[PDB]
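Just one chain is shown here, as C-alpha cells, and it is the form deposited in one PDB entry.
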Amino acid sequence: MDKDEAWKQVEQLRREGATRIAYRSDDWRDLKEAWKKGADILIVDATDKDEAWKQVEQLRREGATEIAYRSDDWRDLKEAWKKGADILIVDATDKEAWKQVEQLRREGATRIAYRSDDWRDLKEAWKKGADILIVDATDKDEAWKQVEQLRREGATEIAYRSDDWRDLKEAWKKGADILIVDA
C-alpha cells in the first residue's frame, strides 16, 4: 500500500546507481510492470504455493530478473528456486529461522536472504549462509541503526523496508544497497 512517493525516492537513487529497488506485490502482472519500470528485484510472496510458484514460473517466462520468493519454510523456497526464483528470502519475522538458512545452504543455494527486525539475528543468519540481510523493522524507531551496525560488521548486501521515503533515504545513507517498496 505504499504511496507513489516511496517509489519516486528509490527511483532517483536507482537511476544514479545508488540503490537497487526491490518491489513486493501479490500480482505477478504488477511485478512485471515494476520490472519494466526499473525494479531490480521482484518479490513473490503469495501464501498459496500453487499461485506463488505459478507467478515465479510466469516471471521467468517473461525474462524478469531477479525473481525473489519469501517463505518461512525452506522447502517452499527450494521449490521456488527450482521454478525460477534466484533470491530465496527466509522470513524470520515469526520464528528456527537460522535452520532454514542452513538447510538451503546444504541444498546448494547461494543467494539466500533473511528478513528480520534484529541486527543480531541478521548477523547470525549471515554467518550461516544468508548473503542478503533484510532489515524490516517498521515497528522499531530508527531501524536504520540496524543497517549501521550490520554495515560495521562487514555485511555487503543490506536491504531495508519502509513505506516512508524519508526512512528509505536514511537507510541508504547508513549503508543499505537495496530498498524495498510495496504495491
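Here the rigid core means the biggest group of C-alpha atoms that line up within 1.5 Å when the two forms are laid on top of each other. One rule holds for the numbers: they count along the sequence shown, beginning at 1.
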statement: Looking at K95 and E96, the deposited sequence has unmodelled residues in between totalling 1 to 3
- prompt: When the C-alpha temperature factors are averaged for each of 26 to 34 and 57 to 65, which stretch ends up with the higher value in the entry?
  reply: 26 to 34
- prompt: Is the mean CA B factor in the deposited entry higher across 36 to 44 or across 136 to 144?
  reply: 136 to 144
task: Just grab whichever of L168, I21, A18, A159 has the top CA B-factor as deposited.
output: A18
task: Could you tell me which third, lowest, middle or highest, the C-alpha B-factor of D182 occupies within its chain?
output: middle
field: B-factor third for the C-alpha atom of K128 within its chain
entry: middle
CA B-factor ranking of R151, expressed as a third of its chain: middle
field: CA B-factor ranking of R70, expressed as a third of its chain
entry: lowest
statement: Among the modelled residues of its chain, the C-alpha B-factor of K49 falls in the third labelled highest
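The form deposited in another entry is left out here; the points below concern that form.
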field: Displaced residue between this form and the one not shown, judged on C-alpha after the rigid core is fitted, out of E62, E51, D30, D45 (threshold 2 Å or more)
entry: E51
- prompt: When you overlay the rigid core, is the Cα of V10 off by 2 Å or more between this form and the one not shown?
  reply: yes
message: Rigid core superposed, CA of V101 - does it shift 2 Å or more between this form and the one not shown?
response: yes
query: Cα of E153 displaced 2 Å or more between this form and the one not shown, core superposed?
result: no
- request: Looking in the other entry, decide if the C-alpha atoms of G175 and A6 are closer or farther than in the form shown; they differ by 3 Å or more.
  value: farther
query: Are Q9 and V44 closer or farther apart at the Cα level in the other entry than shown, by 3 Å or more?
result: closer
